[PDB]
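Given next are the chains, with one letter for each unit.
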Amino acid sequence: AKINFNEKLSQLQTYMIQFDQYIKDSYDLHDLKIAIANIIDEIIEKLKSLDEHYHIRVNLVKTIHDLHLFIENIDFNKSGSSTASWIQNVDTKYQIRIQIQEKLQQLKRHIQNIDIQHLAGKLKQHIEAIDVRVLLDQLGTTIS
């Protein structure tokens, strides 16, 4: 029984060492990230080329600006529910609608800063930043 246990334990230790080796050597996923980033950059170039040829982003920025201006322009002075007009005017003399318009304009500027190129760049940053090989090395040197 002692011999059987010793043989089995030595075999299990050898299997664990081989498993660590296999973990270390199995890193083919790392190849994918670089290719994904490359294609993302290619498409960033392509998209910016297309926009420069068809005014898509200029028109979209104008659309966003005008939509936020319309949201700003909504007047509650004329609105029904008479108290609405009174509250609106009391706000008018307390620059509260000015604060509402400032918030709307800040949101408008931020949204107009949300660009397809920015999204692609952030996605490429996320893909390239992490390396699976570091995680594999950590796994092979911790669990034992």
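Before reading on, note that the structure itself is shown above.
Residues numbered from 1 in each chain as written, not as in the entry; some residues may be left out. Part of a larger assembly, values for the part shown. Heavy atoms only, no water.

A look at the pattern of salt bridges
As a reminder of what qualifies: Here a salt bridge means any side-chain nitrogen of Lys or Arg lying within 4 Å of a carboxyl oxygen belonging to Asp or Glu. Secondary structure elements follow DSSP: runs of H or I no shorter than four residues count as helices, runs of E no shorter than two count as strands, and numbering proceeds from the N terminus. Burial classes: relative accessible area under 20% of the type maximum marks a residue as buried, over 50% as exposed, and values in between as partly exposed (1.4 Å probe, protein chains only).
This structure, assessed with the given rule, holds seven salt bridges. Put simply, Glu-45 and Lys-46 hold a salt bridge, and the shortest N to O gap is 3.5 Å. Across the salt bridge formed by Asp-66 and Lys-62, the nearest N and O atoms sit 3.3 Å from each other. Residue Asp-66 and its partner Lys-62 are both found in helix α3 (residues 56-73); the two are separated by four residues, about one turn of the helix. The exposure class of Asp-66 is partly exposed, given its relative accessible area of 37%.

Concerning the packing of helix α2 (residues 29-54) against α3
When two helices pack together, their arrangement is given by the angle between their axes and by how far apart the axes lie. We count it as follows: Convention adopted: a line fitted to C-alpha atoms gives each axis, helices being fitted over their contacting stretch, and angles between N-to-C directions are expressed from 0 to 180 degrees. Note on terminology: angles under 35 degrees are roughly parallel, angles over 145 are roughly antiparallel, angles of 65 to 115 are roughly perpendicular, and the others are oblique. Contacts are assigned to residue pairs that have any heavy atoms within 4.5 Å of one another. Polar here means any residue other than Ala, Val, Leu, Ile, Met, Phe, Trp, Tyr, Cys and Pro, which are nonpolar, and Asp, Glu, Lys and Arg, which are charged; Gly is therefore polar.
Axis separation between α2 and α3 bottoms out at 6 Å; the angle between their running directions is 75°. Overall, the two elements α2 and α3 adopt an arrangement that is roughly perpendicular. Facing α2, whose interface residues are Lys-48, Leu-50, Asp-51 and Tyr-54, α3 presents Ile-56, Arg-57, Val-58 and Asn-59. Split by residue class, the contact of α2 with α3 holds four nonpolar, one polar and three charged.

Topic: the layout of surface pockets
Keep this limit in mind: Think of a 1 Å grid over just the protein atoms. A cavity is a set of points where a 1.4 Å probe fits yet cannot get out, a pocket is an open set with protein on both sides within 12 Å along at least five of seven lines, and lining residues have an atom within 4 Å of a point. Grid points are joined across faces, edges and corners, and a volume is the space filled by probe spheres set on the points.
The calculated volume of the largest pocket comes to roughly 250 Å³. Per-element tally for the lining of the largest pocket: the top contributor is α3, with five residues. Looking at the lining of the largest pocket residue by residue, the class counts come to nine nonpolar, two polar and three charged.

Remarks on the environment of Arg-109
Among the secondary structure elements, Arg-109 is positioned in helix α5 (residues 96-112). Counting along the chain gives 76 residues from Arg-109 to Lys-33, while the straight-line C-alpha distance between them is 33 Å.

As for α2
What counts, and what does not: Multiplying 1.5 Å by the residue count of a helix minus one yields the expected span of that helix.
With 26 residues, α2 ought to run about 38 Å at 1.5 Å a step, and its terminal C-alpha atoms sit 38 Å apart, in line with that. Within α2, the full set of buried residues consists of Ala-37, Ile-40, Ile-44 and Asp-51. Elements in contact with the buried residues of α2: α3 and α6 (116-129). Two residues or fewer past α2, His-55 is found with a positive phi of approximately 60°.

A few points about the packing of aromatic side chains
Note the cut-off: Each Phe, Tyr or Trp ring (for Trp, its six-membered ring) is paired with any other whose centre lies within 6.5 Å, and the angle between the two planes then decides the class: stacked below 30 degrees, edge-to-face above 60, tilted in between. Both a distance and an angle decide whether a charge sits over a ring: NZ of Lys or CZ of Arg must be within 6 Å of the ring centre and within 35 degrees of the ring normal.
Applying the stated criterion to the full structure yields zero aromatic pairs. Its end group placed over the ring of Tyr-27, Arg-133 keeps NZ or CZ at 3.5 Å from the ring centre.

Describing the packing of α2 against α6
Where α2 contacts α6, the two axes come as close as 9 Å, and the packing angle between them is 170°. The orientation of α2 with respect to α6, classified from their angle, is roughly antiparallel. Contacts between α2 and α6 involve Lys-33, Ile-36, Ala-37, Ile-40, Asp-41, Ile-44, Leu-47 and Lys-48 from the first element and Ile-116, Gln-117, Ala-120, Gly-121, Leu-123, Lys-124, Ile-127 and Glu-128 from the second.

With respect to a nonpolar patch on the surface
Note the threshold: Patch criteria: residues need more than 30% relative accessible area and no salt bridge. Like-charged residues are merged within 9 Å; nonpolar side chains of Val, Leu, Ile, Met, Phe, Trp and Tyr are merged within 5 Å. Computed with a 1.4 Å probe, the accessible areas rest on the Shrake-Rupley method; for each residue, only the protein chains presented here act as cover.
A cluster of nonpolar side chains, contributed by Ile-39, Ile-43, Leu-47, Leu-107, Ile-111, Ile-114, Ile-116 and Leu-119, occupies part of the molecular surface with about 690 Å² of accessible area. Looking at the nonpolar patch, the elements that each hand over two or more residues are α2, α5 and α6. Per-element tally for the nonpolar patch: the top contributor is α2, with three residues. Relative to the assigned elements, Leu-119 resides in helix α6.

Keep in mind these numbers describe shape, not what the thing actually does.
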